[PDB]
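Visitor: sequence and experimental coordinates follow.
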Amino acid sequence: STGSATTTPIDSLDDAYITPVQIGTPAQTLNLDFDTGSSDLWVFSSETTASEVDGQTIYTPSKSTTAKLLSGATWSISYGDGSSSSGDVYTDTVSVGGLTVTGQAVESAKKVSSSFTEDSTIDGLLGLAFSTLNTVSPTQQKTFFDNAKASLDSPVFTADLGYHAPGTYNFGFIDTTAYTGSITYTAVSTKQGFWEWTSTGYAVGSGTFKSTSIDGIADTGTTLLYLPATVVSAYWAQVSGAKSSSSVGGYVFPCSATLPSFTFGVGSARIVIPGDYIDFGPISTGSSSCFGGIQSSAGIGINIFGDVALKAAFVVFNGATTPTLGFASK
């Protein structure tokens, strides 16, 4: 089997991408944030505290003839941005782009933190990291991809995120028309539950490539590119007037600037992020200070190849017995 679904930016900045997901019978379609940095499929629901729902579409398990309470199971998750959610668990039929999994754990939120409530465009998350990170207790549950894997034509999914445009998540096949050149594959460590890999270096603009190992994760659920402070300083030093602002929470730059590209290495291959992908717009409406799309990871504990990086590539998440990541230009 295969599946193919379009993913759409939630706003004009590409802050996140939503993908329609069919849950239950008859289908209830919710727009979920596919997140290769986490491993829970959770949804706003008829159980979510009413004051914490503000425009999201909810899953109502009592209206699904295939929903079953997973008795005794609870979940609770906290994300790297400080947001969180928790609740109980149903199993139900879940379909993405024509690919159907029966018995998928659908984690129904009883509580969500304010950042979820305040974002009416995201109805939940669909985790695509390794199932070892799934938070359901006392019986950990498998991700949608893990459940689908055995049925797929090939045990892979691909992320093809658009810049200011829709893109595609495919399951079970690699669309050879969706990229240019060849795909370069690189080793993955699953020791932390992430799609963790080592970039071979970077360049700023037309500058020389610096060969240096940068361990990080491929994370579709993170907007920006978070890299070591040395690398980030080297980038922003090429933008007149750019500076790190403690009050704003990162590097800002004059909105009048033209940003240089940023290149990262994948083995001997190179992925170029155009400068325009690094512009996240005014820090507040009408400001002439703009927020940068490359930020320091120093306070995180891990480097994160988020959407800024991934949308410059066609990315293969190869879930074979020994997982690997592939990157191609497009």
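Guide: Structure's in. What do you need? Numbers count the residues shown, from 1 in each chain.

Visitor: okay, now residue 299: neighbour count?
Guide: 10 (other Cβ atoms under 10 Å). Bear in mind the C-beta positions are built from the backbone N, C-alpha and C, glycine included.

Visitor: so it sits in a helix?
Guide: No: going by DSSP: H, G, I helix; E, B strand; the rest coil, the assignment for residue 299 is coil, not a helix.

Visitor: any idea how far residue 318 is from it?
Guide: Distance of residue 299 to residue 318, computed by Cβ to Cβ, to the nearest Å: 31 Å.

Visitor: go on, residue 118?
Guide: Distance of residue 118 to residue 318, computed by Cβ to Cβ: 36 Å.

Visitor: all strands of the stretch 151-300 of the chain, in order?
Guide: Secondary structure of the stretch 151-300 of the chain (DSSP state E, counting those that start in this stretch): strands at 156-160, 167-171, 184-187, 196-204, 210-218, 225-227, 243-245, 250-254, 262-266, 269-273, 279-282, 289-292, 294-296.

Visitor: what residue is smack in the middle of the chain?
Guide: By Cα atoms, centre = their mean, the chain has its centre lying nearest to residue 220, at 1.8 Å.

Visitor: burial of residue 72, as a residue count?
Guide: Neighbours of residue 72 (other Cβ under 10 Å): 10.

Visitor: please tell me I have it right and it contacts residue 136.
Guide: No: the pair residue 72 / residue 136 is not scored as a contact, 10.2 Å apart, by Cβ atoms under 8 Å.

Visitor: just say helix, strand or coil for residue 93.
Guide: Per three-state DSSP, residue 93 ends up strand.

Visitor: and it, how far from residue 68?
Guide: Residue 93 sits at a distance of 11 Å from residue 68 (criterion: Cβ to Cβ).

Visitor: those two: which has the busier surroundings?
Guide: Neighbours per residue (other Cβ under 10 Å) separate residue 93 from residue 68, with residue 93 holding more: 19 against 12.

Visitor: ok, now which ones touch the more buried one?
Guide: 22-25, 66, 100-104 (Cβ atoms under 8 Å, 6 or more residues apart in numbering).

Visitor: also residue 25?
Guide: 64-66, 92-93.

Visitor: go again with 7 Å.
Guide: By Cβ atoms under 7 Å, 6 or more residues apart in numbering, the contact list for residue 25 reads 64-66, 93.

Visitor: then residue 152?
Guide: Taking Cβ under 7 Å, 6+ apart as the test, what residue 152 contacts is 1-2, 171-172.

Visitor: counting contacts, what elements does the longest helix along the chain pack onto?
Guide: If you go by DSSP state H, the chain has its longest helix at helix 229-236. Applying 3 or more Cβ pairs under 7 Å, 6 or more residues apart in numbering; DSSP states H and E, we find helix 229-236 packed against strand 196-204, strand 250-254, strand 294-296.

Visitor: is residue 62 in a helix, a strand, or coil?
Guide: Residue 62 - assigned by three-state DSSP - is helix.

Visitor: how many residues are close by residue 202?
Guide: For residue 202, the neighbour count with other Cβ under 10 Å is 23.

Visitor: what is the burial count for the residue lying closest to it once chain neighbours are set aside?
Guide: What sits nearest to residue 202 in space, not counting adjacent residues and going by Cβ to Cβ, 6 or more residues apart in numbering, is residue 264, at 5.3 Å. The local packing of residue 264 (other Cβ under 10 Å) involves 25 other residues.

Visitor: so what's residue 264 up against?
Guide: Neighbouring residues of residue 264 by Cβ under 7 Å, 6+ apart: 199, 202, 271, 309.

Visitor: go again using 8 Å as the cut-off
Guide: 199, 201-202, 214, 270-271, 273, 305, 309.

Visitor: redo those residues as CSV? Include distance to residue 178.
Guide: Output for the contacts of residue 264, formatted as CSV (distance: Cβ to Cβ, whole Å):
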residue, distance to residue 178
199, 22
201, 26
202, 25
214, 26
270, 19
271, 15
273, 18
305, 19
309, 17
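
Visitor: between those residues, which has the most around it?
Guide: residue 305 (32 neighbours).

Visitor: that residue bridge partners, please.
Guide: On the basis of DSSP bridges, residue 305 is bridged to residue 218, residue 225.

Visitor: wait, it sits on residue 220?
Guide: No: judged on Cβ under 8 Å, residue 305 makes no contact with residue 220 at a distance of 9.6 Å.
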